[PDB]
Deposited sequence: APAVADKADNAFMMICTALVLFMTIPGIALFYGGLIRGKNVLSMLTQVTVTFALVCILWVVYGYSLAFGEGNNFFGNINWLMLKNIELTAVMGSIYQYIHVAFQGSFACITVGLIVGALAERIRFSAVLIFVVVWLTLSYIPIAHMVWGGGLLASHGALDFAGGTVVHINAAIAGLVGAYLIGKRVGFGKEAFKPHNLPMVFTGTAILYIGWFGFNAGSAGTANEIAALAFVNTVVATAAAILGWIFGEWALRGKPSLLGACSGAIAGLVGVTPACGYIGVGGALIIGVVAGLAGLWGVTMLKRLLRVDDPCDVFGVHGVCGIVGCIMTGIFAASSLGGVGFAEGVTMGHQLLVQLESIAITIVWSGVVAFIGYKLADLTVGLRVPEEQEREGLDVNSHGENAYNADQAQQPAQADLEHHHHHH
């Protein structure tokens, strides 16, 4: 019977603290320097309070519905308040309680990405309602489908750290919301914290301190760097000079782009994904609320590119047995489509429910 490895326990608990650091204060500071000064305090309050709400919903029923055994779309309710999970229960090579915390940290950053961007224009009570609906009906089922043995995973979708679950999912929610910089040193500080916490996000997704964690770690350094250069070169070409916001945006583009691919590609693939993601991101914001321009566009680019660069011939870990690059590409596309529609429909429902109960537009 499975025994926890202390080295993996240690690594995963530290990785969880790093992911929590991405929201508190990472994302808050990032949006904080971008949005209008008069809306900063309110946004920081919303991100903090909704972060708390997510942590609680996660432990009450979130983890159970996302990672319990159920069907292709959701888990079960046998782990309410983590009941029936023995303190010494092991999941993979770490204590299950660590997996609960690590996974909860991902739900938090996903919600932070949406709330930080929409805080300016949405009523507080309407954001709490939306978070509850969307975490429950979109984040949870998609996490289950992708990482909880659901539909997408059962079809062999490759998404190491959340191009779909986190990025495209939050990007679409923010976009439906939108449809319905005074402090650049602060934006830089938030970007830097997002970057450092992201090593916990990407490398921790291996669930162990092995060679895959090491690969994902190096690929994160490489893709982020390649994207910064890619964005900056494009900015210099289109605008005549680079800018700090451009440099920070490029870093996020590469981080988002490498998210689904990091544990599956070679360093060469990471370099190519980073450059393409940096340029696509720039193209994106050209054609806050760039809660798609970057996260959506780069998330899609990253997910598609994972279906290419995971190939052995291109330095990746290799596709599963009996899977050609063509089949994998098709599965990546179907996963992106399902995520976009699922999140969009649920977000619409969430916003509409808030709008019908308390009103969306801030009074």
| Hey, which stretches of the deposited sequence didn't make it into the model? | 1, 182-194, 302-310, 387-424
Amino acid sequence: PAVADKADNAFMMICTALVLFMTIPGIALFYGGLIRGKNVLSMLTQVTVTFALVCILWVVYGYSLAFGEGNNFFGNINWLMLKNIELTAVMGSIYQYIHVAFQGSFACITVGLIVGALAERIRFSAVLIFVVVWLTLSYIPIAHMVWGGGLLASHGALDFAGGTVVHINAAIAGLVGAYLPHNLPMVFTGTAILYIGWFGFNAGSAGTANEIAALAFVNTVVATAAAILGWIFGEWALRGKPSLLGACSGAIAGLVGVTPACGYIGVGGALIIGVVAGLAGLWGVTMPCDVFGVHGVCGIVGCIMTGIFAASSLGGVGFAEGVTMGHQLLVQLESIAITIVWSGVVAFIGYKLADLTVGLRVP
From here on, numbers count along this sequence of modelled residues.
| As stated in the PDB record, which stretch has the larger average Cα B-factor, 38-46 or 291-299? | 291-299
| request: Tell me, lowest, middle or highest third: where does the Cα B factor of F51 rank within its chain? | output: lowest
| task | Divide the modelled residues of the chain into thirds by Cα B-factor and specify which third, lowest, middle or highest, holds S313. | result | highest
| task | Check where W79 lands among this chain's C-alpha B-factors and tell me if it's the lowest, middle or highest third. | result | highest
| Split the chain's modelled residues into thirds by Cα B-factor; is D159 in the lowest, middle or highest one? | middle
| field | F188, C-alpha B-factor rank within chain (lowest, middle or highest third) | value | lowest
